[PDB]
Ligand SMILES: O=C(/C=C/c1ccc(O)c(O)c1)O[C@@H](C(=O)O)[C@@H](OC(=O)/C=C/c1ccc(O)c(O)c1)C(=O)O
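So this first bit is one chain, no partners, the form deposited without the ligand, shown in structure tokens.
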């Protein structure tokens, strides 16, 4: 359960925005998870390519990170990959309301 582990999907800076109802429920058991997970950076990549900061606040000490991964357009599955990613990005905006 992704929301139990990493909190609810929403627009706030402190929230994650990635995941549709199927992914949030099935976590890493999701049908297409491996096709998503391939874009997650290795430790080398994460510290190599990212903008890393350290911020101290009431809540504690945070390791901030920013970057962007260039998707390989020469990859045969590129068209399917962008669709799968686009599907889960801000997917919370399509979730039926609670009330």
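Positions refer to the first chain, counted from 1.
One more form of this protein, solved in complex with the ligand, exists but is not displayed; see below.
Not displayed here, the ligand is kept clear of residue 88 by more than 4.5 Å at the level of heavy atoms in the deposited bound form. The ligand in the deposited bound form is not approached by residue 17, whose heavy atoms all lie more than 4.5 angstroms from it. Contact here is defined as any heavy atom lying within 4.5 Å of the ligand in the deposited bound form, and by that definition each of 21, 24 and 95 is a contact residue.
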